[PDB]
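Reviewing the structure listed below.
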Amino acid sequence: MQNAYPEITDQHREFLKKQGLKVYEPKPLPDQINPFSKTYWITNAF
Amino acid sequence: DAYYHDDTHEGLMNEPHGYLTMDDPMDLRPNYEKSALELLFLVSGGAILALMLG
Amino acid sequence: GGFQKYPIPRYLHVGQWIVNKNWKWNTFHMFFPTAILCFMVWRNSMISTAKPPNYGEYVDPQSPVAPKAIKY
Amino acid sequence: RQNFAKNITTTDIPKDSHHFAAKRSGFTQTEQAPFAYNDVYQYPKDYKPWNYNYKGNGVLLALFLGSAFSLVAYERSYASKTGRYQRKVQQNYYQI
Amino acid sequence: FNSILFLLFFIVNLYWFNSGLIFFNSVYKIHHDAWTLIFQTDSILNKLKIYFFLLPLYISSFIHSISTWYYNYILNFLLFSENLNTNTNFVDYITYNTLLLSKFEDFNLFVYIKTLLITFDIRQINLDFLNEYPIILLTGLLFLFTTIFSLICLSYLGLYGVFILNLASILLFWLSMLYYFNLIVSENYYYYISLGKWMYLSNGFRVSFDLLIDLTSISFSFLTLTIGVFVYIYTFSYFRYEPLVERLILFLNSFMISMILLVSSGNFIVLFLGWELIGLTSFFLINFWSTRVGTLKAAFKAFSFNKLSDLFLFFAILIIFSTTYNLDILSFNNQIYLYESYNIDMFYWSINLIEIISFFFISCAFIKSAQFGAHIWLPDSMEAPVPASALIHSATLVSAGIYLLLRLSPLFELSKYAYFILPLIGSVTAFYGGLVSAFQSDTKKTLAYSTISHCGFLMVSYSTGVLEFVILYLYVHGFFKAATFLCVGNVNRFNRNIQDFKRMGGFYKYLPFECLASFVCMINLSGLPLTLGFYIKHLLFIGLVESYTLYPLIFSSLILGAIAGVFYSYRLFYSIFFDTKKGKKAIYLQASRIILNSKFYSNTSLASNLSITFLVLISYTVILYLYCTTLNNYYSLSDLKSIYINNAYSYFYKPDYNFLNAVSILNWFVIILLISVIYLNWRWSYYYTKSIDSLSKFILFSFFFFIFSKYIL
Amino acid sequence: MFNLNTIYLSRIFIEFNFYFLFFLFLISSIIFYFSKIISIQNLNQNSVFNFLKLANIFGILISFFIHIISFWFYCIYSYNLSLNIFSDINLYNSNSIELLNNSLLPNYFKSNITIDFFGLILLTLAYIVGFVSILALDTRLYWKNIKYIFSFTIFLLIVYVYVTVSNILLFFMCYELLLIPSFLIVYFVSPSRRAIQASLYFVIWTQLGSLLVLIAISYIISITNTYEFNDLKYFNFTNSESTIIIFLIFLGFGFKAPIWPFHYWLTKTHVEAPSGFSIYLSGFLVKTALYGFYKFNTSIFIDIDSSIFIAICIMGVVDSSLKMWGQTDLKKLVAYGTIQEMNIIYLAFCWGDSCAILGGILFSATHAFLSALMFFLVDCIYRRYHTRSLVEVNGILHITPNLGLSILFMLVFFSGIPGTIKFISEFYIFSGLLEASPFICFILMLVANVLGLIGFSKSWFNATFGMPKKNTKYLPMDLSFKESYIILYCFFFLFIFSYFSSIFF
Ligand SMILES: CCCCCCCCCCCCCCCCCC(=O)OC[C@H](COP(=O)([O-])OCC(O)COP(=O)([O-])OC[C@@H](COC(=O)CCCCCCCCCCCCCCCCC)OC(=O)CCCCCCCCCCCCCCCCC)OC(=O)CCCCCCCCCCCCCCCCC
Ligand SMILES: CCCCCCCCCCCCCCCCCC(=O)OC[C@H](COP(=O)([O-])OCC(O)COP(=O)([O-])OC[C@@H](COC(=O)CCCCCCCCCCCCCCCCC)OC(=O)CCCCCCCCCCCCCCCCC)OC(=O)CCCCCCCCCCCCCCCCC
Ligand SMILES: CCCCCCCCCCCCCCCCCC(=O)OC[C@H](COP(=O)([O-])OCC(O)COP(=O)([O-])OC[C@@H](COC(=O)CCCCCCCCCCCCCCCCC)OC(=O)CCCCCCCCCCCCCCCCC)OC(=O)CCCCCCCCCCCCCCCCC
Ligand SMILES: CCCCCCCCCCCCCCCCCC(=O)OC[C@H](COP(=O)([O-])OCC[N+](C)(C)C)OC(=O)CCCCCCCCCCCCCCCCC
Ligand SMILES: CCCCCCCCCCCCCCCCCC(=O)OC[C@H](COP(=O)([O-])OCC[N+](C)(C)C)OC(=O)CCCCCCCCCCCCCCCCC
Ligand SMILES: CCCCCCCCCCCCCCCCCC(=O)OC[C@H](COP(=O)([O-])OCC[N+](C)(C)C)OC(=O)CCCCCCCCCCCCCCCCC
Ligand SMILES: CCCCCCCCCCCCCCCCCC(=O)OC[C@H](COP(=O)([O-])OCC[N+](C)(C)C)OC(=O)CCCCCCCCCCCCCCCCC
Ligand SMILES: CCCCCCCCCCCCCCCC(=O)OC[C@H](COP(=O)(O)O)OC(=O)CCCCCCCCCCCCCCC
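Protein chains in written order, with full-length UniProt numbering: chain A, 58 to 103; chain B, 108 to 161; chain C, 58 to 129; chain D, 18 to 113; chain E, 38 to 750; chain F, 1 to 505.
Shown next, in the form of structure tokens:
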């Protein structure tokens with residue numbers, strides 16, 4: 058596996074950050090959705 | 108409607124009825140075809156759960 | 058409006074003008090368990106759900122989540 | 018045709034002997050003789066012919082126990098594949 | 038043996054255990070490793086004091102140790118695996134674990150109970166969570182399983198039980214769809230969900246069951262679900278007093294869910310599954326009257342056409358899979374341009390790959406959209422009950438081809454065959470359907486041919502290439518066709534299943550709500566000036582392309598089809614309601630009896646009227662929302678995932694005098710046709726001379742009014 | 001983590017299931033022969049026929065469970081054997097592990113057992129279809145044909161030896177052994193009088209192909225004295241010998257597995273045979289030929305164009321699909337459907353040992369189950385309505401809703417809806433055929449899935465729908481629990497077998 062999109066510069070990243078954009082970042086599964094969660098198992102027991 | 112008849116008074120409104128299958132509810136024969144097929148289903152499901160699932 | 062009602066044999070398991078006295082409890086006991094089953098299915102499926110970035114988010118090309126070509 | 022014995026000894030057949038009554042007096046010279054056996058089948062009350070009428074928990078218990086065994090067996094198999102005595106749960110899980 | 042005493046002892050034990058837990062937690066925080074020095078001190082007095090004051094902790098630890106020992110034994114027995122961590126004897130293990138109290142170091146009973154209680158608190162759910170994770174799948178599964186289980190358990194759910202269960206499920210589904218409609222259409226929200234690895238389709242391939250909730254999917258899904266909710270509410274009245282109402286309701290629900298699955302398909306396999314499911318369920322709906330074999334003939338006709346379409350779709354999918362080793366819709370859409378240059382070596386001709394794939398897709402789309410030649414089944418499909426007919430003909434069965442074209446637009450943009458075939462066939466179908474509907478005498482047949490004409494117009498709009506215009510046309514047609522179908526269903530039920538209006542006359546008073554509802558629905562459906570349905574045809578004519586070799590025929594057919602709407606609308610409305618009484622005497626007499634005069638008097642259903650009213654209101658609101666989203670100066674529609682720009686919006690934003698005057702030709706043609714259908718006399722009447730006089734008055738007054746408005750003010 | 005314990009457990013299970021079946025059969029036969037002077041039923045509740053029926057049914061069922069376990073063990077064993085062979089790359093290291101036989105039971109026919117995925121699929125089909133057919137033939141076996149209760153156990157033993165043997169001669173002998181029990185069943189158990197001629201037609205038509213295969217086997221054995229099925233790697237047949245062998249093998253096995261024009265016997269036998277034995281015939285007895293053809297043609301190197309064989313198979317498919325429409329007899333219509341599916345499966349084997357074999361195997365399994373379902377539905381229709389003709393049968397749904405629902409869902413499954421092994425097999429075959437010859441693929445798909453499908457659906461829809469106004473005093477009630485659960489199990493397998501491990505498919 059290797060990067061497919063063309064590369065960008067750290068200066069450009071800083072410029073975007075100053076402009077106010079945010080870097081897309083995947084979020085962890087919430088306790089309800091996570092199958093390894095005490096909340097999930099409490100829901101199952103209920 | 109003009110002359111609608113209530114269910115409690117309509118003599119042709121049907122409640123759930125009929126026999127699910129052709130087997131006699133009160134049968135004295137020690138028939139085992141149904142038991143054999145139920146066993147086949149249950150054993151297939153158990154094998155899938157305990158050998159294949161996951 | 059509708060056709061005139063006619064007798065239906067008792068032995069025959071058919072739906073002609075079938076009305077159940079306990080339909081309220083039948084609906085109660087058929088709705089909620091189905092809702093629980095579908096909630097379980099939905100929470101299982103959400104693990105493999107994909108959404109595009111939000112309004113103020115951009116995908117960094119060098120981030121791992123960015124698509125990567127095959128390396129021979 | 019069928020050759021099995023009707024009169025079983027495992028249990029007594031439910032019956033009602035009052036629906037049909039055999040005449041025993043006031044006969045005529047042209048009337049046929051009455052019938053000796055006049056018992057009819059009596060179903061238990063609340064019996065619904067349109068469903069299985071099953072009230073046992075054996076099947077549900079068996080299926081649930083099988084599913085639980087499958088779950089624990091999969092957990093152990095995953096631990097073995099990862100080469101650990103038990104699953105090492107991570108702090109965060111993402112979509113996949 | 039007293040419940041009160043048991044509860045009091047339990048509460049006291051809970052309080053004592055909580056106090057002991059807090060004390061132990063503090064002592065452990067202070068004696069991380071030295072706590073044993075005081076807990077297990079050799080002094081008998083100290084040992085007894087600790088045991089007595091931590092008895093709840095010690096008994097809890099003993100119970101936990103016993104449970105863990107038994108659980109470990111069960112696991113070892115079941116899995117033939119290892120020992121209880123070690124081979125410790127029972128006595129040693131139980132004593133060690135009971136004496137060990139570090140298990141309670143971070144445990145507080147009140148905190149644990151509070152966590153358990155708040156786990157199920159419903160205040161936490163937020164719109165952010167809903168946006169991140171769609172509940173559309175949850176509600177759709179609710180509806181699907183409700184329908185399936187209601188079908189299976191008919192005896193348990195009587196008429197009322199089935200109706201209420203399916204109503205609740207469908208209402209929840211529609212509300213969720215409505216909530217997500219705003220986000221998907223305007224906020225650029227779309228989801229790609231996967232349920233699992235469905236099947237293996239090659240030596241190492243395995244296609245997953247995936248759904249794609251995008252703008253293209255939602256446009257059809259929300260329309261179908263919104264129409265279906267009110268069709269469901271209306272069916273319980275249309276099939277009132279019928280032997281089989283639950284069967285019809287469940288068939289309608291099944292068809293709705295099948296179409297929803299088809300439209301919201303994540304890959305070609307799911308798309309084909311939805312295609313087959315809609316075909317089968319439409320067959321069942323058409324063959325609802327199973328006892329009659331005459332209905333079976335129409336059902337089999339529709340089945341044969343559906344199977345031909347299935348063949349074409351399957352072959353196209355096979356070609357796509359052979360070319361690209363992938364069945365994902367997004368991947369195919371974003372890859373087809375690379376393989377556009379490829380050709381396929383067939384029997385004796387080297388056919389272009391794009392052309393052949395688009396040919397199969399367009400063939401299946403025409404078959405399922407009832408275009409010219411393949412429309413023969415649609416008129417025969419009217420044997421179904423009016424709710425089913427409305428559902429199939431409004432947005433569910435006859436829009437499958439439109440959905441296919443919209444979803445696979447990148448393929449057809451590079452298709453020479455599509456360019457030549459879509460406009461010609463669309464215009465021919467439009468003209469044919471419009472004229473046949475205008476000359477038709479039966480209500481259901483008229484609506485069917487109008488649906489054919491609108492499908493042709495949709496094909497021509499797609500050829501124009503403005504997906505926004507196509508979506509607007511689809512929404513308008515579906516909503517108003519459904520409303521008109523419901524109205525004519527009420528009319529037919531009143532007229533005792535006689536669908537021909539040659540036996541209908543003077544029904545305005547007997548069905549007051551139906552008359553006005555049909556008036557509104559028909560003026561909207563048939564493109565008429567100063568109506569919500571005028572803009573769809575206006576945009577179609579704006580976007581019509583002129584480079585076609587058969588442009589003369591295409592344009593003439595389009596004009597004739599567009600004008601044909603007025604004739605059928607006028608005939609249906611006037612003949613049904615305001616024409617002389619032509620029906621049997623009994624139809625009027627049975628309802629005109631004075632005994633029936635009451636506050637409850639009506640020839641239709643109150644639920645039917647409310648459903649029709651709500652459907653019309655929601656259709657107006659949604660059409661206005663779409664018009665604001667697309668046709669407004671500020672373009673706010675979500676991304677269409679297409680890179681083909683047609684330039685048609687230039688003549689909608691800054692039209693030139695040429696086009697502005699050209700549209701006037703069609704406007705005045707429609708005006709003259711309206712004047713003809715209004716003032717033209719076909720039978721002798723006492724008002725012939727006065728009608729001619731009124732026509733003269735109207736002409737002269739119009740002239741003078743125009744003079745004053747333009748010049749004299 | 002794979003260990004020798006799994007290897008030996010797999011081998012022991014495979015070897016011992018056969019002896020379990022053999023001992024059950026031997027004990028049942030001994031009891032039957034030595035309990036009565038004359039081996040016929042005593043028409044009383046204390047007859048040995050009840051015990052024999054119980055023994056056969058619940059020997060087949062228990063052996064089927066053990067076969068499930070052994071098949072799973074084989075899957076694990078084969079996957080790990082492939083991994084062991086492939087993984088190691090060091091030249092010094094080589095996978096040479098030798099297994100010593102058990103000292104409890106002998107090796108039947110002094111042959112070391114070899115098992116393959118196709119063979120075990122065939123054996124599983126044998127088990128399930130035999131169970132269905134034995135459940136069906138209860139009403140047919142009465143007081144002089146009770147000796148045929150062991151026919152399906154004999155079939156199971158023959159098929160077990162057929163699929164667990166690495167010897168060419170034993171393979172051929174097991175293939176040929178199937179004729180006698182089937183002929184006896186058709187001759188002595190078929191109610192219809194035309195069954196007498198149908199049996200002779202079946203015997204002669206199948207024996208012509210058996211003679212062709214015998215000639216091929218004689219060519220192989222005389223030229224190559226080997227019999228181990230693997231020494232053929234070191235011997236190459238000349239062009240003439242190879243073409244003769246392939247032609248003989250194909251024609252001989254197509255006589256059994258119906259191909260155009262050799263399906264007259266199949267139609268006659270299906271029409272005039274017991275409703276319970278037609279299930280077994282169509283489901284299984286036409287696929288041993290496919291398995292033998294696969295084995296022989298993959299063992300032999302063939303340097304000839306397969307266009308002629310492909311054309312024969314496609315012509316058979318087209319012929320059956322076209323003829324589907326004109327059949328008012330449900331059993332004959334199902335026979336034509338069987339011909340079509342078998343011809344498609346056979347076409348799947350026309351590219352040697354290419355990937356088409358996977359699609360062929362999956363289609364064989366789905367066709368077995370689907371044909372069992374269709375013939376069982378026809379059996380129920382004929383048994384409760386005393387006719388299997390469309391003109392005499394109409395409106396089944398309105399008097400027997402469960403039977404009509406079963407018919408409709410059978411039609412839906414036959415249509416090849418996604419989510420079914422039928423659809424998966426169609427996808428495999430058509431995906432291969434599109435690249436092999438796209439125009440031929442288009443013609444085949446068009447014909448089979450439109451014209452044949454419409455012809456098939458016309459009769460079934462006409463039977464299911466309508467209004468049964470005739471003979472109101474004699475109408476039946478509904479399906480029984482046995483029939484309902486058989487139909488449900490067929491549907492469940494057709495649906496869930498798509499989740500089987502994709503390693504072997
Ligand atoms: C020893 C060898 C054998 C010897 C012989 C033995 C013979 C014995 C006899 C029996 C045969 C045995 C053969 C072996 C079997 C092997 C099994 C096995 O290994 O098991 C493990 C196998 C794989 O396990 P694994 O890989 O080891 O597990 C670990 C993986 O990580 C697990 O994760 P995963 O991601 O891999 O998960 C897999 C699974 C995980 O499962 C789930 O997550 C469950 C999902 C359930 C979804 C339910 C609803 C879906 C449909 C609705 C979608 C849209 C909703 C609305 C959308 C609205 C949006 C706007 O996910 C999926 O596959 C998702 C597919 C979802 C669609 C399913 C239904 C599709 C339609 C099928 C149609 C066919 C019938 C048509 C009838 C036509 C009329 C006649 O798992 C399963 O068995 C999965 C079974 C799932 C069943 C799904 C339920 C079916 C629902 C049917 C609905 C149809 C409705 C009617 C249709 C229309 C009628 C008109
Ligand atoms: C598009 C096509 C669509 C087609 C479909 C359309 C829709 C169709 C709808 C209608 C048909 C289907 C739905 C309804 C079916 C009927 C359901 C029902 O309830 O009927 C009543 C039906 C008749 O009732 P019945 O006349 O009273 O007969 C009762 C049964 O004979 C016997 O019952 P029982 O009460 O005597 O209970 C017996 C139970 C006995 O249960 C128990 O014994 C469980 C409780 C004890 C647990 C162990 C404790 C040991 C220690 C002692 C502790 C103290 C004692 C505790 C027990 C106290 C007693 C409760 O024994 C078993 O079940 C044996 C199974 C064992 C193997 C499998 C499970 C184990 C796996 C491995 C486990 C490993 C871990 C555990 C290790 C254990 C240690 C070695 O009964 C059943 O439910 C029997 C089950 C089978 C019914 C038929 C199934 C047909 C399914 C059709 C599926 C079709 C799928 C098609 C899919 C198509 C997709 C395209
Ligand atoms: C009359 C029939 C005629 C048939 C012949 C004609 C055939 C063709 C035409 C068909 C149409 C005509 C016939 C239809 C009308 C029938 C009329 C009739 O008899 O009415 C009464 C019939 C029975 O009602 P009843 O007499 O009042 O009550 C019966 C007893 O009270 C019940 O007692 P119980 O409450 O103790 O229940 C015992 C046991 C019921 O016992 C059984 O059914 C034995 C099953 C043994 C295994 C066989 C394989 C099953 C394959 C899956 C399908 C499950 C069975 C459901 C039916 C098929 C689906 C429609 O119940 C359960 O515990 C259910 C759980 C079963 C799941 C077993 C899974 C095994 C592994 C499968 C492979 C791997 C899967 C991995 C999944 C991964 C996670 C997603 O009406 C119904 O209740 C219909 C039920 C329909 C099925 C839905 C309910 C079960 C749902 C299970 C879970 C799946 C949903 C989503 C799961 C999501 C989370 C995982
Ligand atoms: C694990 C996840 C969930 C598992 C669930 C799996 C469900 C599998 C499918 C179950 C189908 C059940 C059908 C029951 C039919 C009962 C009889 C009936 O309705 O009356 C027959 C009616 C009249 O029946 P009747 O009134 O004479 O008798 C009823 C009572 N019995 C049958 C018991 C005597 O006859 C007909 O005319 C036939 C109509 C057949 C209509 C079938 C439509 C099915 C539509 C399903 C749509 C599903 C969409 C899926 C989308 C997603 C796909 C991935
Ligand atoms: C020549 C100039 C260039 C244009 C070329 C085209 C010329 C115009 C062609 C018009 C064809 C209209 C066919 C309508 C058929 C409707 C059938 C129907 O529903 O039944 C009849 C319905 C009446 O239905 P009814 O139910 O009330 O009663 C029917 C009674 N019987 C059966 C006895 C006939 O409507 C009419 O009667 C109206 C149609 C006849 C009058 C047509 C007038 C045409 C005026 C053209 C003006 C052109 C303006 C200039 C610009 C044009 C080009 C841009
Ligand atoms: C050199 C050694 C030679 C060994 C030869 C073996 C001799 C076999 C003799 C069989 C006699 C059968 C009748 C026994 C009396 C039954 C009395 C009765 O009905 O009361 C109920 C009692 C007890 O019933 P129950 O009500 O307690 O039910 C529980 C049943 N068990 C105990 C099995 C869990 O007896 C039976 O149920 C026994 C049934 C026997 C028939 C079984 C038929 C299935 C197939 C196996 C048959 C045997 C073949 C060998 C094994 C298979 C191959 C490995
Ligand atoms: C379809 C007919 C009706 C149904 C019944 C089936 C009967 C026919 C069964 C198939 C027989 C084989 C036909 C294809 C032969 C292809 C090879 C060939 O001959 O090419 C010349 C071959 C191949 O030649 P070549 O040119 O390819 O290469 C070798 C060339 N030289 C020798 C010059 C170096 O040449 C030969 O060596 C001649 C062999 C002729 C063999 C013909 C007789 C076969 C006898 C055994 C089978 C008999 C079955 C009878 C069954 C009962 C009938 C009632
Ligand atoms: C805008 C939508 C309008 C229409 C909504 C229709 C109703 C939809 C169903 C309710 C919502 C379900 C998704 C919840 C998502 C989630 O977990 O959202 C997360 C929240 C917790 O918040 P956090 O995880 O963000 O901290 O979950 C909960 O609070 C779970 C409590 C239960 C919620 C309802 C469960 C419904 C399923 C059936 C229950 C049956 C109970 C027993 C009956 C006898």
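Idealized CB from N, CA, C, for every residue including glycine.
The beta-carbon of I93 of chain C is placed no less than 7 Å from the nearest beta-carbon of chain D. Checking the DSSP bridge columns, you'll see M236 of chain E partnered with E:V244. Between ligand 3 and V76 of chain D, a heavy atom-to-CB distance of less than 6 Å is present. Around the beta carbon of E272 of chain F, 16 or more other beta carbons sit within 10 angstroms, so the residue counts as buried. Flagged as an interface residue toward chain A: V106 of chain D, by a C-beta distance shorter than 7 Å. In this structure, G83 of chain D lies near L156 of chain B, with their beta-carbon atoms less than 7 Å apart. Contact between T206 of chain F and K287 of chain F does not hold, since their C-beta atoms are separated by about 14 Å, which reaches or exceeds 8 Å. Residue E:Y229 holds the alpha-carbon nearest to the alpha-carbon of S301 of chain E among E:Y229, E:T152, E:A485 and E:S733. Around the Cβ of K405 of chain E, a 10 Å sphere holds 16 or more other Cβ atoms; the residue is buried.
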